[PDB]
Amino acid sequence: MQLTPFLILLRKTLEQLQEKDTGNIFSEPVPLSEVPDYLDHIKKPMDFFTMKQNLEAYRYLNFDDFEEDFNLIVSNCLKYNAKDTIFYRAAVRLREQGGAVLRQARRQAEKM
Ligand SMILES: CC(=O)c1c[nH]c2c(C)cccc12
């Protein structure tokens, strides 16, 4: 399949995922200066800005590459934050709502 339509699709999909994160809690890396124990629990931080950089660096060449980093955003947040927090529930909401975005986008990629 052709590269350019695939990257256009991933850009649109990433924008749709960011729209689901209405608090923008996943827009940029977790600020390690404020959370010095974060790396004690989380081996690979991820966020939507880093995903955009990876996309434009041609690091995502199949849908799994892209969805893996999305899943890291969600799983890191569930792991680090207590269940009774807004942050934890925001990851649950993103998993549910972003999952639906991802399933339709993957289907578009399969038509290529
Ligand atoms: C997504 C996430 O876990 C966080 C985003 N910002 C945070 C902050 C500021 C502290 C702890 C966790 C987070």
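Now for a look at the structure at hand. (Residues numbered from 1 in each chain as written, not as in the entry; some residues may be left out. Heavy atoms only, no water. Residues with missing side-chain atoms left out of burial classes, pairs and counts.)

**Focus on the packing of helix α3 (residues 48-56) against helix α4 (residues 63-80)**
Relative to each other, α3 and α4 sit at 165°, their axes nearing to 10 Å. Here α4 runs roughly antiparallel to α3, going by the angle between their axes. By crossing handedness, the relation of α3 to α4 is classed as right-handed. Contacts between α3 and α4 involve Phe-48, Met-51 and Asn-54 from the first element and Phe-66, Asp-69, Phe-70 and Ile-73 from the second. Class assignment for the residues of the contact of α3 with α4 results in five nonpolar, one polar and one charged. (Axes fitted to C-alpha atoms, helices over the stretch in contact; angles between N-to-C directions. Helix = DSSP H or I, 4+ residues; strand = E, 2+ residues; numbered from the N terminus. Parallel < 35°, antiparallel > 145°, perpendicular 65-115°, else oblique. Left-handed = near helix turned anticlockwise from the far one by under 90°. Contact = heavy atoms within 4.5 Å. Nonpolar A, V, L, I, M, F, W, Y, C, P; charged D, E, K, R; others polar.)

**A closer look at the packing of aromatic side chains**
Taken as a whole, this structure holds three aromatic pairs when the rule is applied. Here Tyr-60 and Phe-66 contribute two aromatic rings whose centre-to-centre distance is 5.7 Å and whose plane-to-plane angle is 90°, an arrangement assigned as edge-to-face. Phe-66 shares its class with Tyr-60; the two are buried. Seen in terms of ring centroids, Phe-63 and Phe-66 are 5.7 Å apart; in terms of plane orientation they differ by 55°. Their pairing is tilted. Linking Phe-63 with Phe-66, this pair stays in helix α4, spanning three residues, or about one helical turn. Neither residue differs from the other here; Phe-63 and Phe-66 are each classed as buried. Put simply, the rings of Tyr-60, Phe-63 and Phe-66 touch in pairs and so form one group of aromatic residues. (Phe/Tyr/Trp six-rings, centres within 6.5 Å; stacked < 30°, edge-to-face > 60°. Buried < 20%, exposed > 50% of the residue type's maximum accessible area, 1.4 Å probe, protein only.)

The analysis is restricted to geometry; functional conclusions fall outside its scope.
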